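For reference, the chain that follows is the form deposited in one PDB entry, supplied as structure tokens.
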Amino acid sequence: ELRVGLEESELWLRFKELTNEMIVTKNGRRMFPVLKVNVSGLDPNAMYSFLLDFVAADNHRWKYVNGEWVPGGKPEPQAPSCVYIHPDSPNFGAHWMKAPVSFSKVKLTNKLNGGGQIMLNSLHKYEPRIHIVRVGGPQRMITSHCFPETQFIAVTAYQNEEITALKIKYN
């Protein structure tokens, strides 16, 4: 059975309980914390690519009002984000299962940009999601996993200083 688990969930939960924020910039900003995923139950000898994308958790624009995050009243459809390919991809089941799969190099932007960077809408709430794509084999296969613990609002600067403090304390 293919098992997908979040490394350092206790750390992510500290951020989640304050409402997590991730900086987006024109040129793209790396995430902290970094999404790290424990994977077991792969075929050590089969071939897989690991894909990361961001689901809009709701259709609303958020705003920090009197020290609290609040949704707008005017929802809009949120197009799914573009996918980031883990740079170790493609690779053998054994490679992926030998240490936590770390997305340390993904960069979050607010501008349609060249290559690599994933564009997110500022002040939208997002839920990180991976796809494990079996490649090369005759039977293509995808398994998807969401990480509720890693939800965040995309921001151009931190609103909640409690988040600023946690980011510095644990970097």
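Start at 1 with the first residue shown and count on from there.
Here the subject shifts to the form deposited with a small molecule bound, a form of this protein not shown in this document.
Visitor: May I ask you to state whether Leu108 is within 4.5 Å of the small molecule in the entry with it bound, using heavy atom distances?
Guide: Judged by the heavy-atom cut-off of 4.5 Å, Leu108 is well away from the small molecule in the entry with it bound.
Visitor: Can you check whether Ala57 is within 4.5 Å of the small molecule in the entry with it bound, heavy atom basis?
Guide: So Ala57 does not count as contacting the small molecule.
Visitor: Look up in the entry with it bound whether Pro80 has a non-hydrogen atom within 4.5 angstroms of the small molecule, and give yes or no.
Guide: Yes - in the entry with it bound, heavy atoms of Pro80 and the small molecule come within 4.5 Å of each other.
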